[PDB]
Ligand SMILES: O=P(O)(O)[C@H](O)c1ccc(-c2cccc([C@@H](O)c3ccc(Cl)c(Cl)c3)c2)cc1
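First, one chain by itself: the form solved without this ligand, in C-alpha cells.
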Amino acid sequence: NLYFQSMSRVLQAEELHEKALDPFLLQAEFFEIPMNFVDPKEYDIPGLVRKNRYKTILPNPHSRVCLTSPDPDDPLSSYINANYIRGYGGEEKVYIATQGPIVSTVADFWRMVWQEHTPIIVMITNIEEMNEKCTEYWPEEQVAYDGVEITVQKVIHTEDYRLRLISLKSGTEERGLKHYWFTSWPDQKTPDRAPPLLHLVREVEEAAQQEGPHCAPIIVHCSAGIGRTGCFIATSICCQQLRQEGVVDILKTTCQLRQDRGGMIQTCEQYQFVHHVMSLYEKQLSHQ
C-alpha cells in the first residue's frame, strides 16, 4: 500500500470460473485499479527522449533498474526503461519488466542483461505482428556490446515459441541465457486462445526453478513493457498462488504489479484474459 491502497478479491474455483466469464464485473473491477503512471517531469535528463519508445510509459523511480556500469553517477548512462518486479509472496526482483529494445537502447538492454545475471528473457508477440513492435536485439549468430559477446548457440522451434540458447562472454566470465520468443499472443483474448500462454508460463516456471537458489531476475517485454508483460507476470504469480493456497487473487496481484511499474495489464481484455488462463489452469490442476 505504498503508492495507493491495494485491493483484493480472493477467488475459489467456482467464483474464478464465473468471474472469467463476467466481462461487466471484470471491467468495473479493472477500471477501479489506479494506473500509477509516472509524471514525465520526474525525469529531467538531456538525451532521455532517445531512451523511451513512449513518452507517458516511464519507470517508477523507486523500483527502476539503474545501470551501474560504466558511470553510475551519470543519469543518462544509468537510465533504462525497466523496473524490478516482485514475485509471488512479495519476493524481491523475481522479474524485470522493460520496454522492447529500440535502435538507441539495444546496447543498454545487453548492459542490463549482464549486470543482472539475467538467465531468462520472455519476449511476447503475435505471428501477424512479426517484429514491427520490437527491434531485433539478438544476433543471427554473434554480436559484441561493451565487451560482452552474445552468441546464439541453438534455436529450438516449438508450436508457440522459439527458444534461443545464448552464451554471454566477457573476459574469463561465461554465462548461459534462455530467450523465449512467444509467437501466440492473440488478437481476440478469447478462452480458446488461453492454452499457449499457460504452456509458456509453465515452461518458464520450470526453467526458473532449474536455475537453483536465488534465481537472478527474469526479463519480460512486449513493446511498452506493461500490457502483455503484465499478463505474463500476473499469470506466473497466480499459478504459484493457486498451487500453494488453492485460491487466486488477480486483483491483488495486479495492484502489486502497478506499485512496481505503472500500467501493468493495460487493457480490460488483457485483465479478462488472465482470468481465462487462471480458470483453465484450475481445471487442469483439479485432475492431479
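Counting begins at 1, following the sequence as shown. In this text, rigid core is short for the largest set of C-alphas that superpose within 1.5 Å between two forms.
Not on display, but discussed next: the form deposited with this ligand bound.
S.K.: Please identify, from 136-144, 186-194, 150-158, 173-181, the stretch that has a heavy atom within 4.5 Å of this ligand in the entry with it bound.
M.R.: Stretch 186-194 is the one.
S.K.: Report yes if any heavy atom of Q270 sits within 4.5 Å of a heavy atom of this ligand in the entry with it bound; otherwise report no.
M.R.: Because a heavy atom of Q270 falls inside 4.5 Å of this ligand in the entry with it bound, the answer is yes.
S.K.: At the 4.5 Å heavy atom threshold, is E128 in contact with this ligand in the entry with it bound?
M.R.: Yes, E128 sits close enough to this ligand in the entry with it bound that at least one of its heavy atoms falls within 4.5 Å.
S.K.: Is there a heavy atom of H221 lying 4.5 Å or less from a heavy atom of this ligand in the entry with it bound?
M.R.: No.
S.K.: Hey, which residues along 202-231 are within 4.5 angstroms of this ligand in the entry with it bound, non-hydrogen atoms only?
M.R.: Read in sequence order, the lone residue that approaches this ligand (within 4.5 Å, in the entry with it bound) is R228.
S.K.: Go through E91, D71, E136, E128 and flag the only one whose CA is off by 2 Å or more between the shown form and the other one, rigid core held fixed.
M.R.: After core superposition, the one over threshold is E128.
S.K.: Where do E128 and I102 end up in the entry with it bound, Cα atoms closer or farther than shown, with a change of 3 Å or more?
M.R.: It is closer: in the entry with it bound, the C-alpha atoms of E128 and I102 lie at least 3 Å nearer than they do here.
S.K.: Might you say whether the CA atoms of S184 and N131 end up closer or farther apart in the entry with it bound than in this form? Their distance differs by 3 Å or more.
M.R.: Pair moves farther apart in the entry with it bound.
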